[PDB]
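Here the structure comes first, spelled out in C-alpha cells, and everything after it is commentary.
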Amino acid sequence: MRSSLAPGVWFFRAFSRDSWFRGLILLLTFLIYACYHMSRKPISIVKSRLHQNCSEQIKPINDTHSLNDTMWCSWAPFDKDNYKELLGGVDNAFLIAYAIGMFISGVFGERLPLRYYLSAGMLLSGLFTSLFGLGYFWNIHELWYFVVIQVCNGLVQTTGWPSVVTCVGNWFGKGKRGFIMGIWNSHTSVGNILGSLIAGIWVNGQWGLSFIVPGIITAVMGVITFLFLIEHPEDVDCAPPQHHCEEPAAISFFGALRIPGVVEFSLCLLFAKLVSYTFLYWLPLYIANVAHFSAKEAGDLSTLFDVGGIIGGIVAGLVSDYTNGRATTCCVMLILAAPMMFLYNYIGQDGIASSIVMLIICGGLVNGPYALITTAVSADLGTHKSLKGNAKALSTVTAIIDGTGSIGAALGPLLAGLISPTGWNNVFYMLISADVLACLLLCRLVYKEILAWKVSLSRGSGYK
Amino acid sequence: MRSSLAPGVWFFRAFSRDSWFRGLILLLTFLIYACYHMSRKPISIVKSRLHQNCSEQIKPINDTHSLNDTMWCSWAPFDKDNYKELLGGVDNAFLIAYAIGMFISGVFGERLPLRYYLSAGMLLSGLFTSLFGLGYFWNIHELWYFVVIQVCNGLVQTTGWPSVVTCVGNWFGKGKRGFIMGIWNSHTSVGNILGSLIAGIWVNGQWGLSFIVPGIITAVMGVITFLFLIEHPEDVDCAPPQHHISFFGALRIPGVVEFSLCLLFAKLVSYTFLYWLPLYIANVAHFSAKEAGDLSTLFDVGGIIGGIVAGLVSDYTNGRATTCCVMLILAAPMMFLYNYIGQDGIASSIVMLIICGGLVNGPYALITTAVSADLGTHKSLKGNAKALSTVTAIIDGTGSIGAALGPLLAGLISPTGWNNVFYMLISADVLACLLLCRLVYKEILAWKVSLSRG
Ligand SMILES: O=P(O)(O)OC[C@H]1O[C@H](O)[C@H](O)[C@@H](O)[C@@H]1O
C-alpha cells in the first residue's frame with residue numbers, strides 16, 4: 001500500500017553517501033573527454049571545403065581567369081594542383097605532435113595537481129582551436145601558420161586522457177571495473193556525433209564558426225571542471241577504494257616499465273588501432289568500386305561501425321570480470337576477427353541487410369580489445385600489487401599504453417599511402433597481416449593466465 | 001594541503017541540509033504553478049486567428065463558392081459580426097467555473113492527501129485543455145463544443161493555488177516575507193511570458209498545436225510532482241519552521257465592505273490585459289499575427305520589475321500600503337499617454353509598455369498581504385480561526401468575481417468602439433486607489449509616531 005513518502009524520494013533515499021560522489025565523478029569524467037572529441041573533430045568535416053571544383057557555382061564578376069580556373073571557390077593556399085599533399089600534411093603535424101606529447105604529459109601529470117592541470121589543459125585547447133578558426137575572419141593565407149597552430153593543438157589535448165583515468169582510478173575498486181568502464185567509454189562516440197553535428201552547421205557558408213563554437217564549449221567546460229572537481233575520496237570523508245598513511249612520492253619513467261604487463265599491452269595496442277584505422281580506410285575504396293549499391297552511404301557506414309564498438313566493450317567486460325583474465329579475452333576477440341573480414345568480403349554481393357549485420361559484429365570484434373585495454377587493463381596494471389603501496393603510478397602507465405596506440409595511428413596514413421598506389425585490394429591483406437601480430441604478441445600473458453585457472457579448477461579447488 | 005577543495009564544493013558544503021530541503025520546495029512549487037499559467041494563456045493569443053478578413057488575403061484555390069462567402073479565412077462560429085461577443089461567452093465561461101470551484105475547494109479541500117490531489121489536478125487540466133486544440137484536427141464547427149470543454153477546464157484547474165500555499169506554508173514558515181519570496185512570487189508572470197512564446201509558434205499555420213503542446217507539458221509536470229513532492233517535514237524529518245451561515249452579514253467593522261470592493265477592481269484591471277492585449281496589438285497597432293503576440297511578452301517584464309522593486313522598497317520603508325497607493329495613482333496618467341500614441345514605430349510600444357506593466361502588476365501581488373497584515377489585529381483576534389479564515393475567504397471570493405467581469409465587459413464595450421476600453425481601465429484604476437485610504441490613514445498615523453520621536 002502506498003503511503004506518505006514519495007516514490008522518487010524513497011528511491012533516491014536508499015543510496016549511500018559514497019555512491020553519489022562516485023556517480024558524480026563518473027559524470028564529470030564522461031563530460032570532459034567527450035568535450036575533447038568535438039574539439040578534435042571539425043577538420044575532418046571542413047576538409048572538403050578548403051578545396052572544391054569551381055564549375056557549379058555563381059559567376060558574379062570574376063571573368064578574368066578564362067571563365068574557369070578552379071582557383072576562386074578554393075580558399076586557402078590549398079588551391080593549386082597539390083591540394084592533397086599539403087592538406088594531408090595537417091593531419092600529420094597534428095598526430096606527430098599528439099603522439100610525442102603523450103610521453104611528456106604522462107610525466108607531468110604526476111607532480112602537478114589534477115585540478116590546476118586539467119583546467120590549463122582545456123583553456124589552451126579552446127584557444128588553439130579558436131586561433132585556427134580566426135584564420136578565415138582575418139587576412140590569413142600561408143602554409144606554416146596553419147600547421148604551426150595544428151602542432152600546438154596537438155601538444156595540448158594530451159592532458160585529457162591520463163588525468164581522466166587518474167580521476168577515475170582513485171575512486172573505484174577491484175570490483176565491477178570492466179563492466180563499468182565499458183559502459184563509461186560511450187564518450188568517444190558521443191563526442192564524435194556531437195562534433196560532426198555542430199561543425200556541419202556552418203560548413204556551407206562561412207567556415208570560421210565550426211572551430212570557434214567548439215573552442216568556446218571546451219573552454220566553458222574547462223572552468224566547470226575547475227569549479228567542481230574532487231580528485232581524492234579522502235578529502236570529502238568517503239571511503240578509500242579496494243585495490244587488492246600519507247602521500248607516496250612519485251615514480252619515474254624508467255621504473256614504470258618494470259611492471260610485467262606494461263610492454264605487451266603497450267605493443268599490442270599499436271597494431272589494434274592500426275587494424276581499426278586501415279579497415280576504415282579500406283571501406284570507402286571498396287563499395288564505390290565493387291558492389292556499387294549505396295554510394296552515398298559511405299559517409300554513414302563509417303559511423304555505424306563505431307556504434308559496434310560500444311557493445312564491443314560492455315560484452316567484453318562481462319566476460320573479463322567473471323573469468324578474471326583480461327589477456328585471455330582480448331586475445332580471443334581478435335582470433336574471431338579474421339573469420340569475419342573474409343565473410344563480409346564474401347557476403348557484400350548482397351545489399352544493406354548483410355552490410356549492417358556483418359559490420360556491427362566486426363566493430364564488436366576490433367574495437368572491443370581497444371576499449372578494454374585502453375581503460376581497464378591500463379588501470380589495474382597501473383596500481384599493480386608489485387608497487388607495495390608506496391608508489392603513485394597511474395598517470396604514467398596510461399601514458400605508455402596510450403602513446404603507443406597513437407603512434408599506431410600516426411603510421412596509418414603513411415602505410416595507407418605507400419602501398420595504396422599498388423592496386424586497391426593490396427591494402428586489405430595488411431589487416432590480416434596485422435591481426436596475427438596482434439594475437440601472437442600476448443602469448444606470454446595468456447600463458448601466465450591459463451595456468452592460474454588450471455590450479456583452481458582442474459585440481460579440484462583445494463584450499464581456496 | 002597541496003590541492004585544496006573546489007570553490008563550488010567549498011561553497012555548497014556550507015549550506016545546511018535544512019537549506020537544501022527548503023530550496024527544493026521553492027523550486028518545485030515555482031515549476032508547478034508556472035506550468036499552471038501557461039495552460040491559460042493561448043486562448044488569449046489565438047483570438048487574432050479565428051477571424052481573418054478575407055478581403056486582404058491570398059486566394060490560391062480556396063473558393064468553395066464565389067461572390068457569396070467573404071468568410072473562407074475564418075472559423076465557423078466566430079465568423080459573423082458578433083465575433084467579439086462570442087469570445088466573451090468562452091473566456092468568461094472558463095473564469096466562472098474557476099471561481100465557483102475555488103469557493104468550494106476552500107471548504108472541501110481535505111478529503112484527499114495533498115500530493116494525490118495536486119497531481120490529479122495537473123493531469124486532468126492537461127487533458128481538458130489539449131481537447132480544445134484537438135478539436136481542430138477533428139474539425140468540428142459548433143459553439144457547444146467550445147464551452148463544455150471550457151467550463152470543465154475551470155473546475156479542474158482550481159486545484160492549483162489552494163494546494164501550493166499549504167505546501168510552501170509548511171516548510172518556509174507559516175507565512176513569510178523577504179527577498180527570496182519576492183522572487184518566488186514572479187512565477188505568475190513567468191508562466192505568462194513563456195506561455196506566449198511556446199504557443200505562438202503554431203498560430204500562423206494549424207492552431208491545434210498551440211494547445212496540445214502545453215497540454216502535454218502540464219501533464220508531464222503532473223508526474224514529477226507525483227514522484228518528488230514532499231508534503232510535511234515530519235516525513236523526511238528536517239527542522240520545523242519558525243514558530244511565530246451568514247456570519248454577521250458582510251461585517252460592519254471598517255474592514256471587509258470598504259476593502260472587498262478593491263480586489264474586485266485590481267483584478268479586473270489586469271485580466272483585461274491578460275485576455276485582450278494580444279488583440280489590441282494585432283488590431284490597431286502594427287498588423288502582425290505572431291509578432292503582435294510576441295510584443296505582449298514585454299507587458300510581463302514590468303510584471304517582474306514591479307514585483308521586485310515593490311518587495312524591496314515596501315520592506316525598508318515600514319509600510320506596504322504606501323507602495324500600493326502611489327503605484328496605483330500613477331498608472332492612470334500613463335495608460336492614457338500609452339493610448340495617445342501607440343503606433344509611432346517600435347520605440348513607444350517597447351518602453352512605455354514595460355512601465356505600464358510595472359505599475360499594474362506590481363501591486364497585484366501585495367494588496368492581498370496588506371489585509372492579512374492588518375486584519376489580524378482586531379477585537380476578533382488571531383485565535384478565532386473560524387472567522388479569520390472566513391473573512392479572507394470572503395475577500396478572495398470577491399477577488400474571483402473580479403475575474404469574471406473583465407473579459408465579459410471588454411467583449412461588449414469593444415464592438416461599440418475600441419477607444420473606450422482604456423476609459424474603463426481608468427475608471428477602474430483610480431477607484432482601486434480610493435479604497436485603500438483605510439490603510440493609508442493608519443499608515444500616516446504609524447509614521448506620525450516615528451516623526452514625533454525623530
Ligand atoms: O490566481 P492567480 O491569478 O494565479 O493568482 C495567484 C496569486 O497571485 C499573487 O500571489 C496574489 O497576491 C494572490 O492573491 C493570488 O492568489
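How things are named: the first chain in the C-alpha cells is A, the next is B, and so on; residues count from 1 in each chain; ligands count from 1 in the order shown.
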### Task
Give me, as a list in words, the contact residues of chain B against chain A at a cut-off of 7 Å, counting only C-alpha atoms.
residues 3, 6, 7, 8, 9, 227, 228, 229, 230 and 235 of chain B
### Message
Let me see if you get this right: every residue at most 7 Å from ligand 1, counting only C-alpha atoms and all ligand atoms, written as a PyMOL selection string.
### Response
chain B and resi 37+161+185+188+364-369
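CA of residue 165 (chain B) to CA of residue 26 (chain B) spans 10.9 Å [interatomic distance, one decimal].
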### Query
Got a sec: who's within 9 Å of region 162-164 of chain B, counting only C-alpha atoms, leaving out chain neighbours fewer than 4 positions off, as a PyMOL selection string?
chain B and resi 29+32-33+102+105-106+109+114-115+117-118+158+168-169
### Query
With distances taken over only C-alpha atoms, which of B:429, B:85, B:258, B:63 is nearest to residue 47 (chain B)?
B:85
